[PDB]
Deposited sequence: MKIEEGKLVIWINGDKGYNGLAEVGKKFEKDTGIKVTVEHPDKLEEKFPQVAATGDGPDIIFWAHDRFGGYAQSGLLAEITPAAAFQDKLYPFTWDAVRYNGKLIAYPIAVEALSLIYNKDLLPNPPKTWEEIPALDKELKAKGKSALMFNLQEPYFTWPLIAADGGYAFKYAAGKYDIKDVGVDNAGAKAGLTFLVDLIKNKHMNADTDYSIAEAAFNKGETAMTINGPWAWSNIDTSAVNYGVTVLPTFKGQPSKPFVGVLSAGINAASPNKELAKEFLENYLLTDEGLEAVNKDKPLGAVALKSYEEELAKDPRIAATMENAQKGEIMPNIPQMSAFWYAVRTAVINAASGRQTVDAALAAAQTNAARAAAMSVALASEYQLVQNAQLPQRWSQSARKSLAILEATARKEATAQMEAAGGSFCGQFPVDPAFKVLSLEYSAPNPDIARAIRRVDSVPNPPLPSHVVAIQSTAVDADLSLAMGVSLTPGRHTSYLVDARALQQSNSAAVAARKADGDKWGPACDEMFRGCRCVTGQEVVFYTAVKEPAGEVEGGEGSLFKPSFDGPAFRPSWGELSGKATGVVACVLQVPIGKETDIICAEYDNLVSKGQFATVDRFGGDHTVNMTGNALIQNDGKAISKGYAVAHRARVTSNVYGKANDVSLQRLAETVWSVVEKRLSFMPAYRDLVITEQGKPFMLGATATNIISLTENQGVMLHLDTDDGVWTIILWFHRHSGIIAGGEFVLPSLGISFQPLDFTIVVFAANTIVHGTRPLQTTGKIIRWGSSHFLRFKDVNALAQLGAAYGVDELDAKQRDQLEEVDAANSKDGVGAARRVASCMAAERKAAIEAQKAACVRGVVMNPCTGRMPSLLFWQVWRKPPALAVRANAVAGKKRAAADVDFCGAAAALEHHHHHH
């Protein structure tokens, strides 16, 4: 049993609970507190056995089938308050165990305020009295609607209408009279000087803990801090409004079991019998406060503390937070409404009118986007496969193999350019000659060892008929008679990915002994053109093929009941006109200073570096400046970048016809202007004789392109590109390109040592989706073509400020532009503007595309 829980909880106490579990049963409990837990669970669970989080996010996990249905006996359900069970019900089924209950309360300073107001209506009078002594009645975080909603909801008003175990995303309750009344009262307190419309979390928490305000509104997480102050304080029921209870949202900390866990009946034993007990929860409570708990017996003990009783009281008068993803539409719309109404930028009536309409609209769009993503993940390539076609293609491929074999006889061997290719050997070092100003040419194998065999989960395809089947179905067309296709068992690929990551961690995040051991089992494919397909078995996983898709009849029976997908392809580009163009643009952009140094690696392309406050258009800072300062042609670098991306993309697409289909599928109309030309590339890297640790990428597109070329002569040892879960590695020769699914295939580059002046230039062409989303969003807010003018303006205003009042005054102006840009992006992001299609579950692109289902019934 592996359990993840947040770092601000009592995990060591929960680890003690796990220790009492390993004594009675011979089962160890290991408790991690991973960072970024909110988002890291839905990313990894899609591909711990127990997860500890607020119930509201578990509805989303349930929609994605990341949780097990919990089946407690009605005798165990009686140990817990019934509302806490509603917290953990998605679509009629129980999806987690309730642990703790949490809601806002009224917190008051006893010395300033022995009898706290029962009602909101007596607060302005009470602020009068307090104002005499230079103190305020009430100060709380007005910036986040989680805090102001209790008041707004009191007289009616709700997020989404609950009915028949479901939230109706179309029925928003922001706009009614009850809500208007509540918000009107809130802004009235501001317009009568009682509350300051600027007050946030920190301001309110400072003021109360120093004795400047009599009351604050906060939750149990805040008690610790007050405990360190000179304040004598209580915690009580929230004030009523028009005689109704303030209605705060209730968050129920819950424990859900992973749907992909083999450990279901022994996590059920652990949580029902070792944590949900008085000694179980107290163990955890000693480590860290829980506030109110769901377990009736222990709650009765904690309720002896008035603060805890007050929490449960406010919780029972409140509303349980909807466990659906569309709460984000609700929150953003209401946050804007409250900020506007409180600043006088809108009438209360106008603010809630717009919030209602916007939330409804955004909630609808998010559902539309979820259904569209499914069609993206399930989309098929234009059909070229047929039994006649694959037979025809196999003949053609078979003819090409005889030709290549005759060429190989006539020439005395196999060659990639001038480099001798012999798969009996593994190329550990190699020599390049630079006889002219063109690219240095790979000429001679220097060091070698016998070439390791393929690992057992990777098979070379021998049959031309099978070659044809995959080629047609997968949009791959490698050099006829001069390539090798491989099939990789999908389960073993995922296991080997984890082993590779483990090795890199054990080596201390570098190429060390564990990575080297793996490398020694990697077979060399230097000088080869190859493709790897992974085959997913029908469940009857890291990869998500739809087994409801159309099926083809394979000539190979072993493919039946499986789906294939392209995970990697190595091309050897013949030195010529395209390599001239590509290499020239690198040289142009290097000379003209258009590569920015980053976290090392140089980058160029259509970035949006938000850390640069004054950035408001596509490209790195040097690119913004070159458009303005040039005295010949302002778009020159943009022309050079587009030719660079398009020439690489063209060379790749000749061989891999799925690539344009992937481009057309994932780039939205709003994203197209921010790609480099008609490609799926928006960022291009450049490295000089550099290795990189084994890793998966996370926030890139489905496939990434990597290329290399060489400048002077000399010898390179090491520097192989390694794909350890595919069991292969290679030295880049004249112009090697790899196209691969970098979010799902571990990959890295070993350190190099050189003799002579030789430079190996490496370059990744990839889709960094955050930049294209932010830019698509800026395009929506300002107009695509207006960005250049805005960039030109913002550069002048900042230079003027720097030229007039110094660096600090300039960075103040940048800071101003950043906040304005941030506001514009946020509003478009909330209106669901996107540059790319993304998994709403993961916030990432799909793990692969264009799965083909094979079935051979008899």
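Positions of the deposited sequence absent from the coordinates, in order: 1-7, 55-57, 551-558, 618-623, 883-917.
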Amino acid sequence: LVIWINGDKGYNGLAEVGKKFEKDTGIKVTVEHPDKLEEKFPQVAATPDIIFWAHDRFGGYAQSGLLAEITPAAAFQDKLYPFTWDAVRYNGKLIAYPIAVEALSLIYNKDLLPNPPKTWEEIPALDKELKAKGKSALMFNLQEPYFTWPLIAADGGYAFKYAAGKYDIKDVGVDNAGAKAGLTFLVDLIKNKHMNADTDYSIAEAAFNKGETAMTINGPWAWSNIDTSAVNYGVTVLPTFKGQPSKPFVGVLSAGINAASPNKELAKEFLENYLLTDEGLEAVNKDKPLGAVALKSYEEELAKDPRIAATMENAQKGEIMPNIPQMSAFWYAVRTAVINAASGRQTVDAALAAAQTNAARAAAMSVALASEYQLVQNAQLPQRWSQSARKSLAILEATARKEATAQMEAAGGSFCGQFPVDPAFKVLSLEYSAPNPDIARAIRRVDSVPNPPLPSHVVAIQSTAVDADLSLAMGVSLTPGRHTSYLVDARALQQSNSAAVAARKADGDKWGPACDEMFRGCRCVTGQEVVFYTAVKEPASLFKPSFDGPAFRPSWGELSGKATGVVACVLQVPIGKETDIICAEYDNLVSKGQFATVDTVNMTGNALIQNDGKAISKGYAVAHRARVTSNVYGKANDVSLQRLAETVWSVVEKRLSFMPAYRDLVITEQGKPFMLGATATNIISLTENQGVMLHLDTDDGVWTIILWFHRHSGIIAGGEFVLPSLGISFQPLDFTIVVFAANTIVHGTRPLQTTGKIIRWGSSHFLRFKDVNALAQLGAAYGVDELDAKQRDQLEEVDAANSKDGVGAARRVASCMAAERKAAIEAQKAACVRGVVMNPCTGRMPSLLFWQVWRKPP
From here on, numbers count along this sequence of modelled residues.
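Stretches 462-470 and 85-93 differ in mean CA B factor, with 85-93 having the higher one. Higher mean CA temperature factor between 218-226 and 586-594: 218-226, per the PDB entry. The entry assigns its greatest Cα B factor, within the set 516, 638, 127, 313, to 127. Of the residues listed, 272, 697, 319, 580, the entry assigns the biggest Cα temperature factor to 272.
When all modelled residues of the chain are sorted by CA temperature factor, residue 405 is found within the middle third. Residue-level temperature factors show residue 559 in the highest third of its chain, judged at the C-alpha atom. Among the modelled residues of the chain, residue 848 sits in the lowest third by CA temperature factor in this PDB entry. In the deposited entry, the Cα temperature factor of residue 838 sits in the middle third of values across the chain's modelled residues.
Residue 767: CA B factor in the lowest third of modelled residues in this chain (values from the PDB entry).
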